[PDB]
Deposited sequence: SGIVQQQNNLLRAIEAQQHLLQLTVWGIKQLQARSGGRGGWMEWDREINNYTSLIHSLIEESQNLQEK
């Protein structure tokens, strides 16, 4: 049903957010090994991560 398909879409989105955070973590480990000017990059990652987190928790409450 429409409701079931919707819950599955959210679950996929939550699963991809996990993968996305794993790639962010990985990239940071790589940079650390060495641009030094990652300040803005970090800010953007943090802002969008917080954003995604709030949209997800919202969708979870909309289920």
Go through the deposited sequence from residue 1 and tell me which stretches lack C-alpha coordinates, in order.
1, 36-37, 67-68
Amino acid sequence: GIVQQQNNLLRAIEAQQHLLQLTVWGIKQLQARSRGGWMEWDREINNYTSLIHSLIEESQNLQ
From here on, numbers count along this sequence of modelled residues.
Averaging C-alpha B-factors over each stretch, which comes out higher, 20-28 or 35-43?
35-43
